[PDB]
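# Working through the structure, step by step
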Amino acid sequence: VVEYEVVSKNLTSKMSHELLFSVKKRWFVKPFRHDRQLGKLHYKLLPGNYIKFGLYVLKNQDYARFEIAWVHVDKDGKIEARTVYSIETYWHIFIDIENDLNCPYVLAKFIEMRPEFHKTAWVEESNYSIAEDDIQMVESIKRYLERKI
Ligand code: NI
């Protein structure tokens, strides 16, 4: 195993919401600890491939930046992340995606698991898996956001 770290915080002015997805498990990774105090999620990741989903929101700016990063972990414990996608848009539009009936579910779910005020977000025990592989999946999200934006 190897310990990794992302941000999950929702304050007065901004919100940084990062979740990490398991490429193999085809659903989000169950985090071993959450840090309400410093607004952080702590993961114990089997060496493998992982997508990190980033949502960054300046509320007062009605600003939302959504990213997707590829997180590669080797058996030597070495971590390397890279962004593969990024877009910037109105937060109001992003909050609207939650209620979009015909949308990329994992996306509608990520958004939906955003952190409650001053709390962190959380992930639930699951064996559930989406239909598509990580490529299709990412692409479906991209294809949508473009039409959405
Ligand atoms: Ni490798």
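Entry numbering is not used for residues: they are numbered from 1 along each chain in the order the sequence is written, which may differ from it, and residues without coordinates are omitted. Values reported for side chains reflect all heavy atoms of the structure, with hydrogen atoms and water molecules removed beforehand.

Going by the header, the method for this PDB entry is X-ray crystallography, and the resolution given is 3.30 Å.

Moving on to the pairing of strand β6 (residues 49-58). For β6, the buried fraction is high: eight of the ten residues fall into the buried class. Strand pairing follows a simple DSSP-based rule, namely that at least 2 bridges must link the two strands. By the criteria applied, helices consist of DSSP H or I runs no shorter than four residues and strands consist of E runs no shorter than two, each listed in order from the N terminus. Relative to β6, strand β2 (residues 14-22) runs antiparallel, the two being bridged by nine bridges. Each bridged residue has a counterpart across the sheet, and for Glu18 the counterpart in β6 is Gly54. Exposure categories follow from relative accessible area, calculated using a 1.4 Å probe and restricted to protein chains: below 20% of the type maximum is buried, above 50% is exposed, and the middle band is partly exposed.

A few words now on the side chain of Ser8. In this fold, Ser8 is placed in strand β1 (residues 3-10). A polar atom in the side chain of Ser8 sits 2.8 Å from the backbone nitrogen of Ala121. Two residues form a contact once any of their heavy atoms are found within 4.5 Å. Leaving out residues up to four positions away in the same chain, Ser8 has contacts with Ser16, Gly39, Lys40, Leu41, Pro115, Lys119, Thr120 and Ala121. Think of a polar contact as two N or O atoms within 3.5 Å of one another; within protein, one of them needs to be a possible hydrogen donor and the other a possible acceptor, and neighboring residues in sequence only count if both atoms come from side chains.

For a helix, the expected span equals 1.5 Å multiplied by the residue count minus one. Under the 1.5 Å per step criterion, the end-to-end length of helix α3 (residues 134-148) is 21 Å for 15 residues, consistent within 8% with the ideal 21 Å. Taken together, the buried positions of α3 are occupied by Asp134, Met137, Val138, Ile141, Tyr144 and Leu145. Projection of α3 onto a plane perpendicular to its axis shows the buried side chains occupying an angular sector of 130°, all on one side. Turned more than 90 degrees away from the buried face of α3 sit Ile135, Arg143 and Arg147, all of them exposed. The directions considered for the arc run from the helix axis to the C-beta atoms.

Right, let's talk about empty space enclosed by the protein for a bit. Grid spacing is 1 Å over the protein atoms alone, the probe is 1.4 Å, and a cavity is where that probe fits but cannot get out, while a pocket is an open set with protein on both sides within 12 Å along at least five of seven lines and lining residues have an atom within 4 Å of a point. Grid points are joined across faces, edges and corners, and a volume is the space filled by probe spheres set on the points. All told, the structure shown has one cavity of 30 Å³ or more when counted by the stated rule. Of the volumes computed, that of the largest cavity is approximately 40 Å³. What lines the largest cavity is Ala64, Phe66, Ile87, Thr89, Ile93, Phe94, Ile97, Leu145 and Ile149. Looking at the lining of the largest cavity element by element, the count peaks at three residues for helix α1 (residues 91-97).

Time to look at the nonpolar core. Among buried residues, the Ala, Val, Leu, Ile, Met, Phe, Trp, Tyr and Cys ones that are joined through side-chain atoms within 4.5 Å form a nonpolar core. Grouped together as the largest cluster of nonpolar side chains are 43 residues, with contacts concentrated most on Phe28, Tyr43, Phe53 and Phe66. Discounting chain neighbours no more than four positions away, the residues touching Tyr43 are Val2, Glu3, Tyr4, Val6, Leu19, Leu20, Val29, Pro31, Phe32 and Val123.

On to the packing of aromatic side chains. Each aromatic ring pair is characterised by the separation of its centres together with the angle its planes make. Centre distance within 6.5 Å is the pairing criterion for rings of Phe, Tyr and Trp, where only the six-membered ring of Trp is used; planes under 30 degrees apart are then read as stacked, over 60 as edge-to-face, and the remainder as tilted. What the rule picks out here adds up to eleven aromatic pairs. Put simply, the rings of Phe21, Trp27, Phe28, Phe53, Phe66, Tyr85, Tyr105, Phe110 and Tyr128 pair up and form one aromatic cluster. By definition here, charges over rings are those cases where NZ of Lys or CZ of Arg is within 6 Å of the ring centre and within 35 degrees of the ring normal. The ring of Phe32 carries the charged tip of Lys44 above its face, separated from the ring centre by 5.5 Å.

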